[PDB]
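*Asks:* Sequence positions in the sequence shown follow the entry's author numbering and run 2 to 133, 137 to 217, 232 to 256. We treat Cβ as the ideally placed atom computed from N, Cα and C, and that holds for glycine. For reference, the structure I am asking about is given below.
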Amino acid sequence: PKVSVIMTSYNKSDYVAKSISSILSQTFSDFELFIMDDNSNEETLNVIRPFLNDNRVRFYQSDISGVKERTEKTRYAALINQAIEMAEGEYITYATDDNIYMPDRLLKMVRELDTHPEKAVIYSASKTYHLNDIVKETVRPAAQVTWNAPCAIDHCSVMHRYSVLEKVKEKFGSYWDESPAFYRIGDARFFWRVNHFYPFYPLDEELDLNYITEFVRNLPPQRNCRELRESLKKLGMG
Ligand SMILES: O=c1ccn([C@@H]2O[C@H](COP(=O)(O)OP(=O)(O)O)[C@@H](O)[C@H]2O)c(=O)[nH]1
Ligand SMILES: [Mg+2]
Ligand SMILES: [Mg+2]
Numbered sequence: 002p003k004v005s006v007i008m009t010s011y012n013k014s015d016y017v018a019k020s021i022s023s024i025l026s027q028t029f030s031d032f033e034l035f036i037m038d039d040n041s042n043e044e045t046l047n048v049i050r051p052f053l054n055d056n057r058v059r060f061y062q063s064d065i066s067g068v069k070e071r072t073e074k075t076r077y078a079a080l081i082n083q084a085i086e087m088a089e090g091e092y093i094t095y096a097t098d099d100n101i102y103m104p105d106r107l108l109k110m111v112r113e114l115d116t117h118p119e120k121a122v123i124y125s126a127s128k129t130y131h132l133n137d138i139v140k141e142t143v144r145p146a147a148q149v150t151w152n153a154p155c156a157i158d159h160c161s162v163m164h165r166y167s168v169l170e171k172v173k174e175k176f177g178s179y180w181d182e183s184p185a186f187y188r189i190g191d192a193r194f195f196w197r198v199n200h201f202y203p204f205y206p207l208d209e210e211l212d213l214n215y216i217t232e233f234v235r236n237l238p239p240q241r242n243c244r245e246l247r248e249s250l251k252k253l254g255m256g
């Protein structure tokens, strides 16, 4: 496949079907979809199940259980790394169990990277609808090329060439950072590693959507966005 879509899933039974469906109906259909379920409850697994009949889906379920295991690593980062090691696509993109892809998302992102060989990481705009009908609508824009993506660009808004993962692993020893000190902002930490070598190029269109309507006590102290943004400003790549 041209594209490997890596989705992480953990106990969001009321949302995961809409997420998975949004990927499976894309107008660009030449992808493999990894569904990396982190040993979810029965209800979640029962919602996911019918989608496994789609021949593009690559379903992997962890054996993880209990607070020690759930807090030893940033779990979604661990599952993404496992899927990266199995991916066959030239382009890599990420999805979650409560985020929806707009219908031409893969088409538009594949076209941008196909047309601009000099761009290695692209990002689109994203929209979040707050429900209470809609009480509020937020948009995270994609207006400029940026060497400082952490906490400005979401997990679900990017696509990058597979070759980006090589540089990152060479410097840092892994792709995403499994350290549990980056549990809350794992996407920012991976973008932080990418920003050591590449800027993020914008695609100014809203191509992903979010709807908002003992574990915590065992994680270590969470590192924050300001720390990541200040280290990239100090690194001065742009
Ligand atoms: O034990 C867990 C908890 C969460 N996640 C996944 O990590 C991703 C990001 O997490 P979450 O949605 O909880 O965070 P937020 O949207 O608040 O950044 C999602 O795809 C979850 O399915 C996971 O694999 N294992
Ligand atoms: Mg969420
Ligand atoms: Mg987040």
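Do the region 54 to 66 and the region 107 to 118 make contact, defined as three or more Cβ pairs closer than 8 Å?
*Replies:* They do not touch, by the three-pair rule.
*Asks:* Does the contact criterion of 3 or more C-beta pairs under 8 Å hold for the region 236 to 247 versus the region 168 to 188?
*Replies:* The region 236 to 247 vs the region 168 to 188: in contact.
*Asks:* Going by beta carbon distance, what residues of the same chain come within less than 8 Å of residue 42, once the five residues before and after it are set aside?
*Replies:* Correct list, in chain order: 12, 14.
*Asks:* With distances taken Cα to Cα, identify the nearest neighbour of residue 173 among 199, 162, 98, 148.
*Replies:* Comparing Cα-Cα distances from residue 173 to each of 199, 162, 98, 148, the minimum goes to 199.
*Asks:* Quick one, are the C-beta atoms of residue 155 and residue 126 less than 9 Å apart?
*Replies:* No, they are not a contact pair.
*Asks:* Can you tell me the Cα-Cα spacing of residue 162 and residue 152, whole angstroms?
*Replies:* Taking the straight line from one Cα to the other gives about 14 Å.
*Asks:* Could you name the residues that DSSP lists as bridge partners for residue 33?
*Replies:* Partner(s): 5.
*Asks:* If you drop the 5 nearest sequence neighbours on each side, which residues of the same chain put their C-beta closer than 8 Å to that of residue 117?
*Replies:* Excluding positions up to five away in sequence, the list reads 205.
*Asks:* Can you name the start and end residues of the alpha helix (DSSP H) that residue 191 belongs to?
*Replies:* From DSSP, the alpha helix (DSSP H) with residue 191 extends over 190 to 198.
*Asks:* Got a list of residues with beta-carbon closer than 7 Å to any non-hydrogen atom of ligand 3, in chain order?
*Replies:* Here the residues come out as 158, 159, 189, 191.
*Asks:* Using CA atoms only, rank isn't needed, just tell me which of 120, 72, 24, 45 is closest to residue 233.
*Replies:* Residue 233 has its Cα closest to that of 72, out of 120, 72, 24, 45.
*Asks:* If you measure from the CB of residue 142, is any heavy atom of ligand 2 nearer than 8 Å?
*Replies:* Every heavy atom of ligand 2 is 8 Å or more from the Cβ of residue 142, so no.
*Asks:* Taking only heavy atoms of ligand 2 into account, decide whether any of them is closer than 8 Å to the Cβ of residue 99.
*Replies:* Checking the Cβ of residue 99 against ligand 2 gives yes.
*Asks:* Which class does residue 62 belong to by DSSP, given the choice of helix, strand or coil?
*Replies:* Looking at residue 62 - three-state DSSP - the assignment turns out to be strand.
*Asks:* Compute the minimum distance between the beta carbon of residue 214 and the heavy atoms of ligand 2, and state whether it is under 8 Å.
*Replies:* Residue 214: yes, Cβ under 8 Å from ligand 2.
*Asks:* Nearest to residue 168 by alpha carbon, out of 85, 142, 241?
*Replies:* Nearest of 85, 142, 241 to residue 168, Cα basis: 85.
*Asks:* Compute the distance between the beta-carbons of residue 55 and residue 25, then report whether it is under 9 Å.
*Replies:* Going by C-beta atoms, residue 55 is nearer than 9 Å to residue 25.
*Asks:* Out of 48, 95, 45, 74, which has the shortest C-alpha to C-alpha gap to residue 211?
*Replies:* Comparing Cα positions, the closest option is 95.
*Asks:* What residues match up with residue 123 in a beta bridge as DSSP calls it?
*Replies:* Answer is 163, 205.
*Asks:* Would the C-beta of residue 11 count as close to ligand 1, meaning under 8 Å from any of its heavy atoms?
*Replies:* It does: the Cβ of residue 11 is within 8 Å (strictly closer) of some heavy atom of ligand 1.
*Asks:* Mark residue 82 as exposed unless 16 or more other C-beta atoms lie within 10 angstroms of its C-beta, in which case mark it buried.
*Replies:* Buried, since its Cβ has 16 or more Cβ neighbours within 10 Å.
*Asks:* Tell me whether the beta-carbon of residue 44 lies closer than 9 Å to the beta-carbon of residue 90.
*Replies:* No.
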